[PDB]
Each structure stands twice: as structure tokens, then as C-alpha cells.
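K.L.:
Next comes target37.pdb, PDB, C-alpha atoms and all ligand atoms:
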ATOM      1  CA  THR A   2       0.000   0.000   0.000
ATOM      2  CA  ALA A   3       1.568   3.339  -1.192
ATOM      3  CA  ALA A   4       2.126   6.069   1.442
ATOM      4  CA  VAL A   5       4.416   8.506  -0.498
ATOM      5  CA  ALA A   6       2.718  11.081  -2.723
ATOM      6  CA  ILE A   7       4.457  12.572  -5.784
ATOM      7  CA  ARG A   8       3.449  16.215  -5.445
ATOM      8  CA  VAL A   9       6.592  18.136  -6.413
ATOM      9  CA  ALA A  10       6.620  21.923  -6.924
ATOM     10  CA  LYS A  11       8.062  22.791 -10.360
ATOM     11  CA  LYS A  12      10.623  25.062  -8.728
ATOM     12  CA  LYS A  13      14.373  25.293  -8.570
ATOM     13  CA  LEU A  14      15.732  24.530  -5.133
ATOM     14  CA  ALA A  15      18.774  26.080  -3.382
ATOM     15  CA  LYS A  16      20.008  22.527  -2.539
ATOM     16  CA  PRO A  17      18.791  19.955  -5.087
ATOM     17  CA  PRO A  18      18.925  16.402  -3.626
ATOM     18  CA  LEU A  19      20.759  14.386  -6.337
ATOM     19  CA  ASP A  20      23.947  15.073  -8.372
ATOM     20  CA  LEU A  21      24.265  14.888 -12.128
ATOM     21  CA  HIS A  22      26.903  12.914 -14.023
ATOM     22  CA  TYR A  23      28.353  14.111 -17.291
ATOM     23  CA  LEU A  24      29.567  12.813 -20.678
ATOM     24  CA  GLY A  25      32.679  10.740 -20.080
ATOM     25  CA  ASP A  26      31.468   9.249 -16.825
ATOM     26  CA  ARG A  27      30.980   5.460 -17.144
ATOM     27  CA  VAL A  28      27.645   5.624 -15.274
ATOM     28  CA  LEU A  29      26.104   7.019 -18.429
ATOM     29  CA  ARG A  30      27.194   3.984 -20.519
ATOM     30  CA  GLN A  31      25.748   1.230 -18.301
ATOM     31  CA  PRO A  32      22.451  -0.227 -19.450
ATOM     32  CA  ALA A  33      19.999   0.170 -16.656
ATOM     33  CA  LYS A  34      18.843  -2.500 -14.313
ATOM     34  CA  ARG A  35      15.153  -3.368 -14.334
ATOM     35  CA  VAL A  36      13.105  -2.080 -11.358
ATOM     36  CA  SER A  37      11.936  -4.936  -9.077
ATOM     37  CA  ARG A  38       9.674  -2.928  -6.692
ATOM     38  CA  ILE A  39       7.505   0.090  -7.335
ATOM     39  CA  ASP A  40       7.083   1.111  -3.746
ATOM     40  CA  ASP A  41       7.449   4.078  -1.423
ATOM     41  CA  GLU A  42      11.255   4.042  -1.461
ATOM     42  CA  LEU A  43      11.158   4.249  -5.285
ATOM     43  CA  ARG A  44       8.587   7.072  -5.068
ATOM     44  CA  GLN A  45      10.961   9.062  -2.820
ATOM     45  CA  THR A  46      13.656   8.623  -5.491
ATOM     46  CA  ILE A  47      11.063   9.824  -8.109
ATOM     47  CA  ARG A  48      10.424  12.962  -6.029
ATOM     48  CA  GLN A  49      14.158  13.596  -5.755
ATOM     49  CA  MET A  50      14.678  13.068  -9.511
ATOM     50  CA  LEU A  51      11.940  15.616 -10.226
ATOM     51  CA  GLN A  52      13.389  18.138  -7.784
ATOM     52  CA  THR A  53      16.853  17.648  -9.431
ATOM     53  CA  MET A  54      15.415  17.968 -12.927
ATOM     54  CA  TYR A  55      13.499  21.161 -12.179
ATOM     55  CA  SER A  56      16.522  22.647 -10.450
ATOM     56  CA  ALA A  57      18.737  21.982 -13.510
ATOM     57  CA  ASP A  58      16.083  23.473 -15.920
ATOM     58  CA  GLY A  59      15.426  20.149 -17.572
ATOM     59  CA  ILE A  60      12.442  18.467 -19.137
ATOM     60  CA  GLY A  61      13.497  14.827 -18.747
ATOM     61  CA  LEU A  62      15.830  12.862 -16.494
ATOM     62  CA  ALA A  63      16.796   9.186 -16.541
ATOM     63  CA  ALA A  64      18.009   7.508 -13.352
ATOM     64  CA  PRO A  65      21.531   6.717 -14.623
ATOM     65  CA  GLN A  66      22.155  10.471 -15.070
ATOM     66  CA  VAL A  67      22.019  10.826 -11.270
ATOM     67  CA  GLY A  68      24.034   7.678 -10.626
ATOM     68  CA  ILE A  69      20.997   5.437 -10.025
ATOM     69  CA  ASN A  70      21.071   2.156 -11.941
ATOM     70  CA  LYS A  71      17.406   1.710 -12.654
ATOM     71  CA  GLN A  72      15.040   1.704 -15.685
ATOM     72  CA  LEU A  73      13.301   4.832 -14.407
ATOM     73  CA  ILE A  74      12.583   8.114 -16.316
ATOM     74  CA  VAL A  75      10.759  11.298 -15.267
ATOM     75  CA  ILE A  76       9.519  13.785 -17.932
ATOM     76  CA  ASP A  77       7.702  17.118 -17.492
ATOM     77  CA  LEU A  78       7.502  19.156 -20.628
ATOM     78  CA  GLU A  79       4.018  20.598 -20.743
ATOM     79  CA  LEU A  80       4.059  24.366 -21.089
ATOM     80  CA  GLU A  81       0.321  25.180 -21.287
ATOM     81  CA  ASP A  82      -1.080  23.285 -18.259
ATOM     82  CA  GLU A  83       1.565  24.588 -15.861
ATOM     83  CA  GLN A  84       0.574  22.146 -13.075
ATOM     84  CA  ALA A  85      -0.056  18.989 -15.213
ATOM     85  CA  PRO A  86       1.350  15.862 -13.592
ATOM     86  CA  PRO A  87       4.813  14.652 -14.646
ATOM     87  CA  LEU A  88       5.177  11.491 -16.696
ATOM     88  CA  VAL A  89       6.937   8.695 -14.792
ATOM     89  CA  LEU A  90       8.122   5.682 -16.829
ATOM     90  CA  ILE A  91       9.215   2.546 -14.966
ATOM     91  CA  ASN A  92      10.653  -0.412 -16.944
ATOM     92  CA  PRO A  93       9.574   1.169 -20.240
ATOM     93  CA  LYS A  94       9.678  -0.578 -23.603
ATOM     94  CA  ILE A  95       9.500   1.026 -27.050
ATOM     95  CA  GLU A  96       6.833  -0.974 -28.887
ATOM     96  CA  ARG A  97       7.334   0.788 -32.215
ATOM     97  CA  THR A  98       8.152   4.093 -33.861
ATOM     98  CA  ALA A  99       6.367   5.730 -36.749
ATOM     99  CA  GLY A 100       6.220   8.860 -38.920
ATOM    100  CA  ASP A 101       9.094  10.464 -40.743
ATOM    101  CA  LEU A 102      12.601  11.112 -39.511
ATOM    102  CA  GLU A 103      12.832  14.662 -38.141
ATOM    103  CA  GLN A 104      15.958  16.587 -37.251
ATOM    104  CA  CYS A 105      15.783  18.855 -34.218
ATOM    105  CA  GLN A 106      18.143  20.454 -31.761
ATOM    106  CA  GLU A 107      18.619  18.569 -28.509
ATOM    107  CA  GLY A 108      20.409  19.218 -25.246
ATOM    108  CA  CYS A 109      20.940  17.063 -22.183
ATOM    109  CA  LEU A 110      21.447  17.632 -18.447
ATOM    110  CA  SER A 111      24.416  15.238 -18.631
ATOM    111  CA  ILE A 112      26.012  17.228 -21.456
ATOM    112  CA  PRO A 113      25.592  20.788 -20.223
ATOM    113  CA  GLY A 114      26.036  23.509 -22.788
ATOM    114  CA  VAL A 115      26.022  21.232 -25.846
ATOM    115  CA  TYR A 116      23.123  21.650 -28.326
ATOM    116  CA  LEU A 117      23.234  19.648 -31.542
ATOM    117  CA  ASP A 118      20.861  18.364 -34.201
ATOM    118  CA  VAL A 119      19.551  14.776 -33.912
ATOM    119  CA  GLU A 120      17.341  12.831 -36.319
ATOM    120  CA  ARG A 121      14.671  10.565 -34.779
ATOM    121  CA  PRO A 122      11.338   9.089 -35.772
ATOM    122  CA  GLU A 123       8.611  11.616 -35.024
ATOM    123  CA  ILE A 124       6.254   9.146 -33.328
ATOM    124  CA  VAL A 125       6.869   6.586 -30.561
ATOM    125  CA  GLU A 126       4.685   4.033 -28.765
ATOM    126  CA  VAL A 127       5.912   3.021 -25.299
ATOM    127  CA  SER A 128       4.578   0.592 -22.701
ATOM    128  CA  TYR A 129       5.534   1.066 -19.040
ATOM    129  CA  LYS A 130       4.468   0.936 -15.404
ATOM    130  CA  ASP A 131       3.561   4.206 -13.726
ATOM    131  CA  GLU A 132       4.511   5.525 -10.309
ATOM    132  CA  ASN A 133       1.635   3.498  -8.785
ATOM    133  CA  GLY A 134       2.717   0.256 -10.512
ATOM    134  CA  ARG A 135      -0.143   0.215 -12.972
ATOM    135  CA  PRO A 136       0.619  -0.832 -16.556
ATOM    136  CA  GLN A 137       0.220   1.965 -19.124
ATOM    137  CA  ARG A 138       0.727   2.548 -22.824
ATOM    138  CA  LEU A 139       1.381   5.851 -24.605
ATOM    139  CA  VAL A 140       1.658   7.019 -28.231
ATOM    140  CA  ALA A 141       3.514  10.328 -28.568
ATOM    141  CA  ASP A 142       4.667  12.764 -31.212
ATOM    142  CA  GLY A 143       6.590  16.060 -31.348
ATOM    143  CA  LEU A 144       8.592  17.069 -28.297
ATOM    144  CA  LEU A 145       7.150  14.336 -26.084
ATOM    145  CA  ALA A 146       8.164  11.544 -28.507
ATOM    146  CA  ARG A 147      11.599  13.154 -28.862
ATOM    147  CA  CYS A 148      12.136  13.362 -25.103
ATOM    148  CA  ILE A 149      10.878   9.801 -24.598
ATOM    149  CA  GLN A 150      13.355   8.492 -27.168
ATOM    150  CA  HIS A 151      16.227  10.531 -25.711
ATOM    151  CA  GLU A 152      15.471   9.265 -22.229
ATOM    152  CA  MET A 153      15.023   5.684 -23.352
ATOM    153  CA  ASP A 154      18.471   5.989 -24.940
ATOM    154  CA  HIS A 155      19.866   6.819 -21.448
ATOM    155  CA  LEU A 156      18.574   3.479 -20.161
ATOM    156  CA  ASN A 157      20.552   1.719 -22.870
ATOM    157  CA  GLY A 158      23.799   3.657 -22.272
ATOM    158  CA  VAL A 159      23.227   5.852 -25.350
ATOM    159  CA  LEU A 160      23.812   9.614 -25.386
ATOM    160  CA  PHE A 161      22.467  12.031 -27.973
ATOM    161  CA  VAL A 162      25.959  12.927 -29.182
ATOM    162  CA  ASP A 163      26.146   9.331 -30.464
ATOM    163  CA  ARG A 164      23.438  10.188 -33.047
ATOM    164  CA  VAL A 165      24.978  13.526 -34.241
ATOM    165  CA  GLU A 166      25.999  13.289 -37.877
ATOM    166  CA  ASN A 167      27.835  16.657 -38.289
ATOM    167  CA  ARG A 168      31.492  16.133 -37.352
ATOM    168  CA  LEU A 169      32.364  19.814 -37.340
ATOM    169  CA  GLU A 170      29.525  20.799 -35.073
ATOM    170  CA  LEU A 171      30.003  17.809 -32.759
ATOM    171  CA  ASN A 172      33.678  18.445 -32.275
ATOM    172  CA  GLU A 173      33.353  22.202 -31.804
ATOM    173  CA  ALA A 174      30.568  21.928 -29.324
ATOM    174  CA  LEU A 175      32.190  19.260 -27.155
ATOM    175  CA  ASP A 176      35.615  20.874 -27.143
ATOM    176  CA  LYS A 177      34.433  24.210 -25.876
ATOM    177  CA  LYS A 178      32.758  22.550 -22.835
ATOM    178  CA  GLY A 179      35.658  20.355 -21.902
ATOM    179  CA  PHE A 180      34.118  17.231 -23.251
ATOM    180  CA  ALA A 181      35.937  14.649 -25.300
ATOM    181  CA  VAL A 182      34.864  13.438 -28.773
ATOM    182  CA  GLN A 183      36.477  10.174 -27.694
ATOM    183  CA  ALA A 184      33.572   9.771 -25.256
ATOM    184  CA  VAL A 185      31.073   9.510 -28.102
ATOM    185  CA  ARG A 186      29.949   5.956 -29.082
ATOM    186  CA  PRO A 187      28.561   4.603 -32.320
ATOM    187  CA  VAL A 188      24.862   3.825 -32.813
ATOM    188  CA  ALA A 189      24.156   0.077 -32.575
TER
HETATM  189 ZN    ZN A 201      19.773  13.395 -21.640
END
For this file, produce the structure as C-alpha cells.
P.N.:
Amino acid sequence: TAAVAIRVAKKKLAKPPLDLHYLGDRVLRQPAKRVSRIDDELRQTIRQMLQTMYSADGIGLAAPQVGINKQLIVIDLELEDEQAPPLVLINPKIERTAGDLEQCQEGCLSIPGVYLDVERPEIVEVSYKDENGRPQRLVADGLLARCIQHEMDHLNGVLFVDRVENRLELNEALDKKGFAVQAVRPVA
């Protein structure tokens, strides 16, 4: 029986609870362990991931980015309904993608200050368990589908730089932030 409520203010905190890890760090290249229990301890980690994400001005955050080896993503990208609930994906699975390939600028909380173009399918269908353990299914397009695919990549040890086709732009953007092109990995 759940006794932790996920009711996190969308506000930056003076002292965010979890620490980010950055391109180069091996934690970002470890495929994530499946979650065995969706319980109150996990929900406290969900709250802390949200607080960390809001504090770093992000829209999505995967557990490995904060050093937590779990198939767990939080997303909150709605602009219009300011207080809409965040999307919590536990043990997600991409069922299929659809639509055309679209190229858009992406950033990442684990690669601060790097913004590069990435091509992805415009539509994704994902199955998952929510923060209450209930099975769910979602079809998404636009920014939501993009963020889902980016965050799913984190659970497989894949970073958006791995999908960047422009060598000039990749190298220039990494170098100026102290990141190494050698930390990039090919796409499976
Ligand atoms: Zn990311």
C-alpha cells in the first residue's frame, strides 16, 4: 500500500537532492537494471529526480544520469497546463516508432552547454508501469516523442551525441565545454 505522494513543486531549489553525471562518466554507458519494486522508497527517489530535474532546468531525467542504476525516467515538458502531472516511466519498452525522420536540436542535463541536431522518428509508442505500478501505454509525437526516445536511450547507455551526424559541429561543441569526442559511441 503506497504512502508517499508525488506532489513536487516545479521550482528550482537552493540545494537539489541528487547530483548529475556528465559525458565521459561510465555511469552514463551502463544499461539500466530493471526495477523490481515500485514502492514508497522508489517514489521518494522519483520525487528527488523531479526536484533535481526542475533545479537543472530540464524536461526529462533518466536515473543513470544521477548515478541510479534503474530503468526509471521522469519527464515534465508541458508548457500550457503549468501544473499537469509529470510522466513517470518505470521499466519502459518502445513498442514501435512511426512517422518520418525529423531533425531537431537537442540538449541534455548530462552534457551541459552542448546543443546539436539529432534525427529521430517523429512518433513513438511506449509501454511502461507508472509511479503506482499500474501498466500503461502511450503514443507520442513532437517534443514528447523526442524526449521519450532521448530518455530511453539513457537506459541503454546511449547519449544524444552518439546520433549527431555533423562532425564539425560535434567536435566544436564538445571541445568548448571540456568534453571529449572520444567519449562519443557509435549507434548500434
Ligand atoms: Zn539526456
K.L.:
Since I can't run it myself right now, could you work out what the PyMOL selection byres (((chain A and resi 180) around 12) and not hetatm) selects here and report it as a count of residues only?
P.N.:
24
K.L.:
Report as a Markdown table: every residue of chain A with an atom at most 12 Å from ligand ZN 201 (chain A), its closest pair of atoms, and their distance in Å to one decimal, counting all atoms listed in the file, with rows sorted by chain and ascending residue number.
P.N.:
| residue | atom | partner | partner_atom | distance |
| --- | --- | --- | --- | --- |
| A:21 | CA | A:ZN201 | ZN | 10.6 |
| A:22 | CA | A:ZN201 | ZN | 10.4 |
| A:23 | CA | A:ZN201 | ZN | 9.6 |
| A:24 | CA | A:ZN201 | ZN | 9.9 |
| A:29 | CA | A:ZN201 | ZN | 9.5 |
| A:54 | CA | A:ZN201 | ZN | 10.8 |
| A:57 | CA | A:ZN201 | ZN | 11.9 |
| A:59 | CA | A:ZN201 | ZN | 9.0 |
| A:60 | CA | A:ZN201 | ZN | 9.3 |
| A:61 | CA | A:ZN201 | ZN | 7.1 |
| A:62 | CA | A:ZN201 | ZN | 6.5 |
| A:63 | CA | A:ZN201 | ZN | 7.3 |
| A:64 | CA | A:ZN201 | ZN | 10.3 |
| A:65 | CA | A:ZN201 | ZN | 9.8 |
| A:66 | CA | A:ZN201 | ZN | 7.6 |
| A:67 | CA | A:ZN201 | ZN | 10.9 |
| A:74 | CA | A:ZN201 | ZN | 10.4 |
| A:75 | CA | A:ZN201 | ZN | 11.2 |
| A:76 | CA | A:ZN201 | ZN | 10.9 |
| A:107 | CA | A:ZN201 | ZN | 8.7 |
| A:108 | CA | A:ZN201 | ZN | 6.9 |
| A:109 | CA | A:ZN201 | ZN | 3.9 |
| A:110 | CA | A:ZN201 | ZN | 5.6 |
| A:111 | CA | A:ZN201 | ZN | 5.8 |
| A:112 | CA | A:ZN201 | ZN | 7.3 |
| A:113 | CA | A:ZN201 | ZN | 9.5 |
| A:114 | CA | A:ZN201 | ZN | 12.0 |
| A:115 | CA | A:ZN201 | ZN | 10.9 |
| A:116 | CA | A:ZN201 | ZN | 11.1 |
| A:147 | CA | A:ZN201 | ZN | 10.9 |
| A:148 | CA | A:ZN201 | ZN | 8.4 |
| A:149 | CA | A:ZN201 | ZN | 10.0 |
| A:150 | CA | A:ZN201 | ZN | 9.8 |
| A:151 | CA | A:ZN201 | ZN | 6.1 |
| A:152 | CA | A:ZN201 | ZN | 6.0 |
| A:153 | CA | A:ZN201 | ZN | 9.2 |
| A:154 | CA | A:ZN201 | ZN | 8.2 |
| A:155 | CA | A:ZN201 | ZN | 6.6 |
| A:156 | CA | A:ZN201 | ZN | 10.1 |
| A:157 | CA | A:ZN201 | ZN | 11.8 |
| A:158 | CA | A:ZN201 | ZN | 10.6 |
| A:159 | CA | A:ZN201 | ZN | 9.1 |
| A:160 | CA | A:ZN201 | ZN | 6.7 |
| A:161 | CA | A:ZN201 | ZN | 7.0 |
| A:162 | CA | A:ZN201 | ZN | 9.8 |
| A:163 | CA | A:ZN201 | ZN | 11.6 |
K.L.:
Hey, can you check how far atom CA of residue 145 of chain A sits from atom CA of residue 47 of chain A?
P.N.:
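Going from atom CA of residue 145 of chain A over to atom CA of residue 47 of chain A covers 18.9 Å.
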K.L.:
Written as JSON, numbers by chain, what is the full residue list that the PyMOL selection byres (((chain A and resi 18) around 10) and not hetatm) yields on the file shown?
P.N.:
{"A": [14, 15, 16, 17, 19, 20, 46, 48, 49, 50, 51, 52, 53, 56, 67]}
K.L.:
I need the chosen residues saved as a PDB file, in the frame of the given file, with C-alpha atoms.
P.N.:
ATOM      1  CA  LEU A  14      15.732  24.530  -5.133  1.00  0.00           C
ATOM      2  CA  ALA A  15      18.774  26.080  -3.382  1.00  0.00           C
ATOM      3  CA  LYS A  16      20.008  22.527  -2.539  1.00  0.00           C
ATOM      4  CA  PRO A  17      18.791  19.955  -5.087  1.00  0.00           C
ATOM      5  CA  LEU A  19      20.759  14.386  -6.337  1.00  0.00           C
ATOM      6  CA  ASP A  20      23.947  15.073  -8.372  1.00  0.00           C
ATOM      7  CA  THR A  46      13.656   8.623  -5.491  1.00  0.00           C
ATOM      8  CA  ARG A  48      10.424  12.962  -6.029  1.00  0.00           C
ATOM      9  CA  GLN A  49      14.158  13.596  -5.755  1.00  0.00           C
ATOM     10  CA  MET A  50      14.678  13.068  -9.511  1.00  0.00           C
ATOM     11  CA  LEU A  51      11.940  15.616 -10.226  1.00  0.00           C
ATOM     12  CA  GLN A  52      13.389  18.138  -7.784  1.00  0.00           C
ATOM     13  CA  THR A  53      16.853  17.648  -9.431  1.00  0.00           C
ATOM     14  CA  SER A  56      16.522  22.647 -10.450  1.00  0.00           C
ATOM     15  CA  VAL A  67      22.019  10.826 -11.270  1.00  0.00           C
TER      16      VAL A  67
END
K.L.:
Taking all atoms listed in the file into account, which of A:121, A:44, A:94, A:34 comes nearest residue 133 of chain A?
P.N.:
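For residue 133 of chain A, the nearest of the given residues is A:44.
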K.L.:
Using all atoms listed in the file, which residue out of A:58, A:131, A:170, A:96 lies closest to residue 78 of chain A?
P.N.:
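Ranked by minimum distance to residue 78 of chain A, first place goes to A:58.
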K.L.:
Please compute the atom CA of residue 169 of chain A-atom CA of residue 118 of chain A distance, one decimal, in Å.
P.N.:
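A separation of 12.0 Å between them.
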K.L.:
Taking only C-alpha atoms into account, name the residue in A:140, A:127, A:7, A:188 that is nearest to residue 91 of chain A.
P.N.:
A:127
K.L.:
Calculate how many Å separate atom CA of residue 87 of chain A from atom CA of residue 36 of chain A, rounding to one decimal.
P.N.:
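Those two atoms sit 19.0 Å apart.
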K.L.:
Written as an MDAnalysis selection string, which residues does the PyMOL selection byres (((chain A and resi 37) around 12) and not hetatm) give for the file shown?
P.N.:
chainID A and resid 34:36 38:40 42:43 70:73 91:92 130 134
K.L.:
Closest to residue 138 of chain A among A:166, A:126, A:82, A:101, using all atoms listed in the file?
P.N.:
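Residue with the minimum atom-to-atom distance to residue 138 of chain A: A:126.
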K.L.:
Please list as a count of residues only every residue within 10 Å of residue 143 of chain A, counting all atoms listed in the file and excluding residues in the same chain fewer than 4 positions away.
P.N.:
7
